[PDB]
$ cat target22.cif   # mmCIF, C-alpha atoms and all ligand atoms
data_target
loop_
_atom_site.label_atom_id
_atom_site.label_comp_id
_atom_site.auth_asym_id
_atom_site.auth_seq_id
_atom_site.Cartn_x
_atom_site.Cartn_y
_atom_site.Cartn_z
CA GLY A 1 -95.70 -46.47 77.64
CA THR A 2 -97.87 -49.13 75.99
CA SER A 3 -100.07 -50.04 78.97
CA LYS A 4 -103.07 -47.87 78.11
CA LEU A 5 -102.78 -48.92 74.47
CA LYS A 6 -102.90 -52.59 75.48
CA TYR A 7 -105.98 -51.85 77.60
CA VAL A 8 -107.74 -50.26 74.62
CA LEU A 9 -106.83 -53.26 72.42
CA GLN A 10 -108.10 -55.83 74.93
CA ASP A 11 -110.83 -57.91 73.28
CA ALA A 12 -110.97 -55.52 70.33
CA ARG A 13 -111.90 -56.32 66.74
CA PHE A 14 -109.65 -55.24 63.89
CA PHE A 15 -110.42 -54.33 60.28
CA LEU A 16 -108.14 -53.44 57.39
CA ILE A 17 -109.13 -50.22 55.61
CA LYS A 18 -107.80 -49.64 52.11
CA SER A 19 -107.87 -46.15 50.61
CA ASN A 20 -107.17 -45.44 46.95
CA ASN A 21 -105.56 -42.08 47.79
CA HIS A 22 -103.71 -40.25 50.56
CA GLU A 23 -106.08 -37.27 50.49
CA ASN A 24 -108.94 -39.19 52.08
CA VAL A 25 -106.74 -40.59 54.87
CA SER A 26 -105.43 -37.07 55.56
CA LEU A 27 -109.04 -35.84 55.68
CA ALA A 28 -109.93 -38.66 58.08
CA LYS A 29 -107.00 -37.72 60.35
CA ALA A 30 -108.01 -34.04 60.36
CA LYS A 31 -111.77 -34.49 60.85
CA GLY A 32 -112.01 -37.80 62.71
CA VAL A 33 -114.37 -39.49 60.23
CA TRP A 34 -114.35 -42.39 57.78
CA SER A 35 -116.66 -43.66 55.05
CA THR A 36 -116.54 -47.00 53.23
CA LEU A 37 -118.57 -48.97 50.72
CA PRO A 38 -122.02 -50.24 51.80
CA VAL A 39 -120.92 -53.87 52.24
CA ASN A 40 -118.17 -52.88 54.70
CA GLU A 41 -120.38 -50.27 56.36
CA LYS A 42 -122.77 -53.05 57.40
CA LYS A 43 -119.96 -55.20 58.84
CA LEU A 44 -118.53 -52.30 60.85
CA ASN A 45 -121.94 -51.35 62.26
CA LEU A 46 -122.43 -54.97 63.39
CA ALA A 47 -118.93 -55.05 64.91
CA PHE A 48 -119.37 -51.71 66.71
CA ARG A 49 -122.27 -53.15 68.73
CA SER A 50 -120.39 -56.37 69.56
CA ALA A 51 -116.97 -55.36 70.89
CA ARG A 52 -115.42 -53.05 73.47
CA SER A 53 -113.29 -51.54 70.69
CA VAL A 54 -113.32 -51.69 66.90
CA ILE A 55 -109.97 -50.75 65.38
CA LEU A 56 -109.53 -49.60 61.79
CA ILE A 57 -106.01 -50.07 60.43
CA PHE A 58 -105.44 -47.85 57.40
CA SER A 59 -103.36 -48.54 54.31
CA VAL A 60 -103.18 -46.36 51.19
CA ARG A 61 -103.16 -48.51 48.04
CA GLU A 62 -99.70 -48.85 46.44
CA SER A 63 -98.05 -46.99 49.34
CA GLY A 64 -96.34 -50.06 50.84
CA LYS A 65 -97.30 -48.88 54.33
CA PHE A 66 -99.99 -48.56 56.94
CA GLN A 67 -100.79 -44.94 57.77
CA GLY A 68 -102.10 -45.45 61.31
CA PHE A 69 -105.05 -46.83 63.24
CA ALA A 70 -108.18 -45.50 64.89
CA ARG A 71 -111.09 -46.65 67.02
CA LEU A 72 -114.74 -46.36 65.93
CA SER A 73 -116.67 -44.09 68.26
CA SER A 74 -120.05 -44.39 66.49
CA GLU A 75 -122.07 -46.33 63.98
CA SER A 76 -122.43 -44.84 60.51
CA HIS A 77 -124.76 -41.84 60.31
CA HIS A 78 -126.28 -40.54 57.09
CA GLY A 79 -127.88 -37.28 55.99
CA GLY A 80 -125.24 -35.14 57.71
CA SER A 81 -122.78 -32.60 56.37
CA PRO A 82 -121.12 -33.84 53.15
CA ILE A 83 -117.46 -34.81 53.53
CA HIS A 84 -115.32 -33.66 50.60
CA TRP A 85 -113.80 -37.03 49.81
CA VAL A 86 -111.68 -37.40 46.71
CA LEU A 87 -113.61 -39.94 44.73
CA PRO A 88 -111.85 -42.70 42.75
CA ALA A 89 -113.04 -43.94 39.38
CA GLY A 90 -116.36 -45.73 39.76
CA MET A 91 -116.86 -44.29 43.25
CA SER A 92 -119.98 -42.17 43.70
CA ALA A 93 -120.60 -39.86 46.64
CA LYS A 94 -123.71 -41.87 47.56
CA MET A 95 -121.78 -45.11 48.14
CA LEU A 96 -119.67 -43.31 50.78
CA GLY A 97 -122.86 -41.87 52.26
CA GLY A 98 -122.61 -43.36 55.74
CA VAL A 99 -120.10 -41.55 57.99
CA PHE A 100 -118.38 -43.09 61.02
CA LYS A 101 -116.81 -41.00 63.75
CA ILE A 102 -113.35 -42.29 64.72
CA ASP A 103 -110.73 -41.51 67.39
CA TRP A 104 -107.17 -41.86 66.18
CA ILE A 105 -104.92 -43.99 68.38
CA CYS A 106 -101.82 -43.72 66.15
CA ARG A 107 -101.27 -41.37 63.20
CA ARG A 108 -97.75 -42.72 62.47
CA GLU A 109 -96.80 -44.92 59.50
CA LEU A 110 -95.62 -48.55 59.53
CA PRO A 111 -93.94 -50.05 56.43
CA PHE A 112 -95.19 -53.44 55.24
CA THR A 113 -91.67 -54.80 55.58
CA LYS A 114 -92.01 -54.50 59.38
CA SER A 115 -95.15 -56.70 59.52
CA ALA A 116 -93.90 -59.55 57.31
CA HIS A 117 -93.88 -61.94 60.31
CA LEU A 118 -97.63 -61.48 60.98
CA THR A 119 -100.23 -63.63 59.20
CA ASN A 120 -104.01 -63.29 59.37
CA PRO A 121 -105.99 -66.49 60.14
CA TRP A 122 -109.12 -64.91 58.65
CA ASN A 123 -107.38 -64.46 55.27
CA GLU A 124 -105.81 -67.92 54.83
CA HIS A 125 -102.74 -66.87 56.91
CA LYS A 126 -101.58 -64.51 54.19
CA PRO A 127 -99.34 -61.66 55.43
CA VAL A 128 -101.49 -59.14 57.26
CA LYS A 129 -100.73 -56.44 54.65
CA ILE A 130 -102.78 -58.59 52.23
CA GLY A 131 -106.51 -58.08 52.18
CA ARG A 132 -109.36 -56.20 50.57
CA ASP A 133 -110.97 -53.16 52.16
CA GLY A 134 -112.88 -54.38 55.23
CA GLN A 135 -110.94 -57.61 55.79
CA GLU A 136 -111.21 -58.63 59.44
CA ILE A 137 -107.91 -59.26 61.24
CA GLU A 138 -107.94 -61.89 64.00
CA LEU A 139 -107.34 -60.59 67.56
CA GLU A 140 -103.78 -61.77 68.24
CA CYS A 141 -102.52 -60.74 64.80
CA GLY A 142 -104.27 -57.37 65.00
CA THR A 143 -102.94 -56.71 68.49
CA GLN A 144 -99.37 -57.48 67.47
CA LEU A 145 -99.72 -55.34 64.33
CA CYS A 146 -100.90 -52.34 66.32
CA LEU A 147 -98.05 -52.81 68.80
CA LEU A 148 -95.52 -52.53 65.93
CA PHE A 149 -96.45 -48.94 65.14
CA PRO A 150 -94.17 -46.19 66.44
CA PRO A 151 -95.65 -44.66 69.60
CA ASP A 152 -97.71 -41.53 68.92
CA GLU A 153 -96.96 -39.35 71.94
CA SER A 154 -99.33 -36.59 70.72
CA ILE A 155 -102.38 -38.72 71.69
CA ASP A 156 -103.69 -39.13 75.26
CA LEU A 157 -105.52 -42.44 75.45
CA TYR A 158 -107.23 -41.35 78.69
CA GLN A 159 -110.21 -39.85 76.85
CA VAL A 160 -110.35 -42.90 74.55
CA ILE A 161 -110.59 -45.23 77.56
CA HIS A 162 -113.58 -43.30 78.94
CA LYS A 163 -115.64 -43.77 75.75
CA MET A 164 -115.58 -47.49 76.55
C1 LIG B 1 -113.34 -42.41 51.89
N1 LIG B 1 -113.39 -43.84 51.61
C2 LIG B 1 -112.51 -44.36 50.60
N2 LIG B 1 -111.70 -43.48 49.85
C3 LIG B 1 -110.83 -43.99 48.85
CL1 LIG B 1 -109.80 -42.89 47.90
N3 LIG B 1 -110.78 -45.42 48.60
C4 LIG B 1 -111.64 -46.36 49.39
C5 LIG B 1 -112.46 -45.87 50.34
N4 LIG B 1 -113.11 -46.90 50.91
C6 LIG B 1 -112.68 -48.02 50.29
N5 LIG B 1 -111.78 -47.69 49.36
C7 LIG B 1 -111.07 -48.61 48.49
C8 LIG B 1 -111.92 -48.98 47.28
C9 LIG B 1 -112.30 -47.92 46.27
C10 LIG B 1 -113.14 -48.29 45.06
CL2 LIG B 1 -113.57 -47.03 43.88
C11 LIG B 1 -113.62 -49.72 44.86
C12 LIG B 1 -113.25 -50.80 45.88
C13 LIG B 1 -112.40 -50.42 47.10
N6 LIG B 1 -112.01 -51.44 48.05
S1 LIG B 1 -110.53 -52.19 47.65
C14 LIG B 1 -110.67 -53.08 46.07
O1 LIG B 1 -110.02 -53.11 48.68
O2 LIG B 1 -109.45 -51.19 47.58
#

$ encode --input "target22.cif" --output "structure tokens" --more "lines below"
Ligand SMILES: CNc1nc(Cl)nc2c1ncn2Cc1cc(Cl)ccc1NS(C)(=O)=O
Amino acid sequence: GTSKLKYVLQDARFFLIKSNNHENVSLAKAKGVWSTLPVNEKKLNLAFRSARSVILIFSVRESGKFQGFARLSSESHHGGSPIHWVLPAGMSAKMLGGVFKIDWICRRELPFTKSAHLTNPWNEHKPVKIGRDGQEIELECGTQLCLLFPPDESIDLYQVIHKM
């Protein structure tokens, strides 16, 4: 059911994550990590301290879809093992230096056409698919977006709930 999911999403904060390629989202799903540009890294570290849950909602650029969503389980940590990201043009491996641990809540896709009725107050009420990497999504919009995803029955939210 959706009861444990709703419990995880209670009073959460939501951020849109944009990836230039599928490879990095696949790597994030396999290894349970994400890295983003320094400006967004600061915002996520601030959010992680402030909310019961911080939810990253992933979308690969030009894919027309969201690829799933995950919960931060840590602040960014540097110096550690180097993740073999595929780097876009103008992206250096030092900009993606900070590494967040994440717990996936849903690894299923959602097409943008299915979220056309959801607008984001924190981005001028543009459709929620619209936003730069790191755009915050207001609570009610983010909650309804996450509830539109197909259920991912391979994930037990029981361990997720305990981290809180
Ligand atoms: C592992 N982390 C990432 N991997 C990949 Cl492939 N793309 C990412 C990642 N983080 C953010 N982006 C998107 C991005 C890339 C570049 Cl070079 C310049 C700006 C932006 N932000 S934007 C304009 O909204 O798309």

$ residues_around --input "target22.cif" --residues "residue 141 of chain A" --least-positions-apart "4" --cutoff "9 Å" --atoms "all atoms listed in the file" --output "number ranges by chain"
A: 118-121, 128, 137, 145-146

$ write_last_selection --input "target22.cif" --atoms "C-alpha atoms" --output "PDB file, in the coordinates of the input"
ATOM      1  CA  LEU A 118     -97.630 -61.480  60.980  1.00  0.00           C
ATOM      2  CA  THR A 119    -100.230 -63.630  59.200  1.00  0.00           C
ATOM      3  CA  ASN A 120    -104.010 -63.290  59.370  1.00  0.00           C
ATOM      4  CA  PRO A 121    -105.990 -66.490  60.140  1.00  0.00           C
ATOM      5  CA  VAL A 128    -101.490 -59.140  57.260  1.00  0.00           C
ATOM      6  CA  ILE A 137    -107.910 -59.260  61.240  1.00  0.00           C
ATOM      7  CA  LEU A 145     -99.720 -55.340  64.330  1.00  0.00           C
ATOM      8  CA  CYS A 146    -100.900 -52.340  66.320  1.00  0.00           C
TER       9      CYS A 146
END

$ residues_near_ligand --input "target22.cif" --ligand "ligand LIG 1 (chain B)" --cutoff "6 Å" --atoms "all atoms listed in the file" --output "short mmCIF file (atom, residue, chain, number, x, y, z; two decimals) with C-alpha atoms, in the coordinates of the input"
data_model
loop_
_atom_site.label_atom_id
_atom_site.label_comp_id
_atom_site.auth_asym_id
_atom_site.auth_seq_id
_atom_site.Cartn_x
_atom_site.Cartn_y
_atom_site.Cartn_z
CA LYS A 18 -107.80 -49.64 52.11
CA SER A 19 -107.87 -46.15 50.61
CA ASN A 20 -107.17 -45.44 46.95
CA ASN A 21 -105.56 -42.08 47.79
CA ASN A 24 -108.94 -39.19 52.08
CA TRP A 34 -114.35 -42.39 57.78
CA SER A 35 -116.66 -43.66 55.05
CA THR A 36 -116.54 -47.00 53.23
CA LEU A 37 -118.57 -48.97 50.72
CA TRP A 85 -113.80 -37.03 49.81
CA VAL A 86 -111.68 -37.40 46.71
CA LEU A 87 -113.61 -39.94 44.73
CA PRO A 88 -111.85 -42.70 42.75
CA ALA A 89 -113.04 -43.94 39.38
CA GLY A 90 -116.36 -45.73 39.76
CA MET A 91 -116.86 -44.29 43.25
CA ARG A 132 -109.36 -56.20 50.57
CA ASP A 133 -110.97 -53.16 52.16
#

$ residues_around --input "target22.cif" --residues "residue 135 of chain A" --least-positions-apart "5" --cutoff "9 Å" --atoms "all atoms listed in the file" --output "JSON, numbers by chain"
{"A": [14, 15, 16, 17, 40, 122, 123, 130]}

$ closest_residue --input "target22.cif" --among "A:68, A:60, A:100, A:163" --to "residue 147 of chain A" --atoms "only C-alpha atoms"
A:68

$ closest_residue --input "target22.cif" --among "A:46, A:83, A:54, A:99" --to "residue 10 of chain A" --atoms "all atoms listed in the file"
A:54

$ residues_around --input "target22.cif" --residues "residue 152 of chain A" --least-positions-apart "2" --cutoff "9 Å" --atoms "only C-alpha atoms" --output "JSON, numbers by chain"
{"A": [105, 106, 107, 108, 149, 150, 154, 155]}

$ atom_distance --input "target22.cif" --atom1 "atom CA of residue 33 of chain A" --atom2 "atom CA of residue 75 of chain A"
11.0 Å

$ closest_residue --input "target22.cif" --among "A:151, A:97, A:79, A:111" --to "residue 5 of chain A" --atoms "all atoms listed in the file"
A:151

$ closest_residue --input "target22.cif" --among "A:143, A:115, A:67, A:73" --to "residue 129 of chain A" --atoms "all atoms listed in the file"
A:115

$ closest_residue --input "target22.cif" --among "A:41, A:136, A:23, A:109" --to "residue 95 of chain A" --atoms "all atoms listed in the file"
A:41

$ closest_residue --input "target22.cif" --among "A:56, A:28, A:44, A:93" --to "residue 76 of chain A" --atoms "only C-alpha atoms"
A:44
